[PDB]
Structure formats: C-alpha cells, structure tokens
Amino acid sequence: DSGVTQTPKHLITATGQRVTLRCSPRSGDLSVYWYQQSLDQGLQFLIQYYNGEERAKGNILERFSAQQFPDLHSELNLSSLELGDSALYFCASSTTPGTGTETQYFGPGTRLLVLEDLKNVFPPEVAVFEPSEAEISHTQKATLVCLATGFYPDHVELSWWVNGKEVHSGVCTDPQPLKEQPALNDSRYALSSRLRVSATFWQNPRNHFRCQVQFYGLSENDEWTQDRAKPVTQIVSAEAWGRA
C-alpha cells in the first residue's frame, strides 16, 4: 500500500518479557517514526531517527528504545512488559526529517498483547449457515452466515471464498467482535459475517462457498503445558455447496 513494511503483524507475550519490533521504511526514505495507539492514550508519537541517529523523542519510557541501522531499517525494543503496553505500534517513513508539506507513510502496525499468562489463548470454531428458503422465495436473494466462536484474543481475519476466489461484494463482517461473557476480563469472543448472493446463484450445486478465519495466536517457540492442542496462529474454515 504505502511501501512501509512491519514485522511481526501480531504479537502475544507474557508480563516482564522483552519484544523487538522491526520496520522497513520505503526505498529512498531516510527518516523513521514510531507511534503507539492504545485505547487508554490514543495515537502517541514515541521516537524519530534520521540517517541512523535520534532526531525526535516523544513521551517514550526508559524501558522503550529504538535504533536505525545503515540500511535505514529500524527496531523498537520493548523491555519489562506491562499489561498497559498492549497496543498498536506503527512505524512511518519520510524522505527528509520532515517539512510542513512532507507526507509520512505508515506501516500496517504490530498488535502487541501483553497477558498475565497464555493459558487463556484459544482458536475459534467456525460454522456456515445455509440460506433460508423463506428468504429465497420472498426476496429472490440468499444470505449465507458465518460464525467464528470462542477465540482469544480478538486477533482474527475473516474472509469469504466463492469458487476458490475471495469476494468483497455482498460481504459484511462485524466491525468489532463480541464478548461471549461481557462480565469476565479474559472472556472469549464471537465474530459473524454475511455473504449475500442471488437466489439462482446459491441454487446451483456447482458453486462452493467457504468462510475462512485467520487466527493470530501463539508462536512455535512458545511453551505449552495444557493437555489441549497449542493455540498457534492457524486458519479455521467452514464450507458449503449450493442447494438445488
């Protein structure tokens, strides 16, 4: 999109741990910026480097530190992690250290989630619900529903795949996941999506519909004691074929 890349996309770690976030600016860009977007404080500027040297500092904590290498890529190191450090970390790049007319190009961000323990991390269960024949006869349209349920955290990407290809027309995913136990601080979530086709499209058994859910969970280097399968980053799907 903007030419700025960031790794890792999502990150789950325990309290007291250290994490190192990477950021590759645009080719030719000589300045790098770090921002933190939290629910508590919003979008805040942390630090700016230019030609490998510190150029600007925001209200960054001593346990937060950054660097910019000769290849101009940057690294944000976050030590002695606290639950409050759970945010979105964006990096940006610009040609010069900045001017009143100069654009900043932003990366996709890193979702960092600091937990007390990873024992509450769960993948979702996915299900597809075939269109009501009552809807078909009344509107001459068919809505397919998808239900991603009981996942923790709310780091998921839901997509609809018609005949092996991703679709975006007639699709509607909930903007926010819902809390299954609105009381609990560690509650699992649910997320639903809709895909609406014509009655004659669904009424074709040659048409395949797949609800794909991308789960962002634990690492391969993460330890697991629990006698249930490790909730690693994975894809969970639900499919349905057309009904004549």
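In case it trips you up, residue 1 is the first one in the sequence shown, and so on.
For the pair 9-17 and 225-233, the mean B factor over Cα atoms is greater in 225-233. Between 151-159 and 96-104, the higher mean Cα B-factor belongs to 151-159. Residue set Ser192, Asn185, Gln36, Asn51: peak C-alpha B-factor at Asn185 (per PDB entry). Considering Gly28, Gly58, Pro205, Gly42 together, the PDB entry gives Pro205 the largest C-alpha B factor.
In this PDB entry, the Cα temperature factor of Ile47 sits in the bottom third of its chain's modelled residues, the lowest group. Compared with the other modelled residues of the chain, the Cα B-factor recorded for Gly84 ranks in the middle third. In the PDB entry, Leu178 places in the middle third of its chain by CA B-factor. When the CA B factors of the chain's modelled residues are split into thirds, the value for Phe90 lands in the lowest one. Remark: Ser198 belongs to the highest third of its chain, ranked by C-alpha B-factor as recorded.
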